[PDB]
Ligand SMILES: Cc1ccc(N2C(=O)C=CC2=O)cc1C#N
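Consider the single chain below, provided in structure tokens and representing the form deposited without the ligand.
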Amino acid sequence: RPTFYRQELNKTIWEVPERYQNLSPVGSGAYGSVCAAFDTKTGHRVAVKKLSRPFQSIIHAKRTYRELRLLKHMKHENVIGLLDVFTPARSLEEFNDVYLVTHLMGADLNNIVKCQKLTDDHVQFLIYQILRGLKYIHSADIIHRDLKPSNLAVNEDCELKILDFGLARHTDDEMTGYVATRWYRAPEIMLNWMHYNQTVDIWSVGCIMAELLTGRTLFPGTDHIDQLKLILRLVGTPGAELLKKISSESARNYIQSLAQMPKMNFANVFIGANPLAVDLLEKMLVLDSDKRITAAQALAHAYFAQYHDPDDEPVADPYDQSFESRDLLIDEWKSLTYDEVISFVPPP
């Protein structure tokens, strides 16, 4: 067990191993507090997240366990990884606090798509890396569910990592009105049409790719209904085959109240883009999720010919998510979490 030291940072007690020095606050939220630090063991400028009220309810205890399981599993160059996890507790009986440690991220995609000139070669490399990371995530039967520019970290060398997986955390208020939290979401999840699956993430990649090519949000809706009208004007209204897959009768009645519209010509929307980029966007931005291109299929598209290497696009180890259907007490979720903190092994 390392030696721990205590300090107060913006109204909060932090108790951390001596290895972590020069702690300085970075962010605050409902789910945790974050400090930057220097890790003397590794030499990395690390990010440290302290969880708030991790075991306050059954829902909160299960979310803590879910986040720790997911983040310990993810071992890929284009995905967030865990450098460390710890608690100052010496036993289950005194266990209350959980701290998570990652590499400190600088810029997000927003910080390079807002203010920088992107060549077609930059768009190829950035979207290639997102799809490489998604092939790995989807091979474990994990859905990210919240891909958007603020959840993609990018360094000075245009190297990219996916972060901030959806832990089923977003509220109705967060998704309301003229908000980036909804502009990248697939229409079937935005409007609760049907059981969604991993195809929702490919819709989000299409929205991101379009915005890197134009410098403008693809579907900046002022509310759910405005955003659906923007989507159907580009991709066309649904045919009988998709309407049959929408489970809500009222959602089906509403769609049928709209005048029919054909799919637009994407070469006339993405004026002057690489024809291979236009082709790939037509394969991602398909209304019927069964018909969208997958991450593994997209990596083999001719748009990525200068980067694609089928011997350097790894899949994940199998991921057991059977706990998601399990009914447990707060103290049972807390014991499961404790076992996962104490069994952690750091990366090489």
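Throughout, rigid core stands for the largest set of C-alpha atoms superposing within 1.5 Å between the two forms. Residues that one form lacks are left out of the comparison. Numbers follow the displayed sequence, beginning with 1.
Quick note: we don't show the form deposited with the ligand bound, though the next part is all about it.
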Open or blocked, the ligand overlaid from its pose in the deposited bound form onto this form, 2.4 Å backbone/C-beta test: open
Can any non-hydrogen atom of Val98 be found within 4.5 angstroms of the ligand in the deposited bound form? no
Examine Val269 and determine whether its closest non-hydrogen atom to the ligand in the deposited bound form is within 4.5 angstroms. yes
Test of understanding: in the deposited bound form, would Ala273 fall inside 4.5 Å of the ligand by heavy atoms? yes
Does the 4.5 Å heavy atom contact test between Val205 and the ligand in the deposited bound form come out positive? no
Under the 4.5 Å heavy atom criterion, name the residues of 207-238 that approach the ligand in the deposited bound form, in sequence order. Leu213, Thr214, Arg216
Core aligned, which of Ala240, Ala259, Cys115, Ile225 has the Cα that shifts 2 angstroms or more between the shown form and the other one? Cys115
A 3 angstroms or greater change in CA distance between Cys115 and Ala36 is reported in the deposited bound form. Closer or farther than in this form? farther
CA-CA separation of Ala180 and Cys115, closer or farther in the deposited bound form than in the form shown [shift of 3 angstroms or more]: closer
In sequence order, what are the runs of three or more consecutive residues whose Cα atoms each shift by at least 2 Å between the shown form and the other one, relative to the rigid core? 115-117
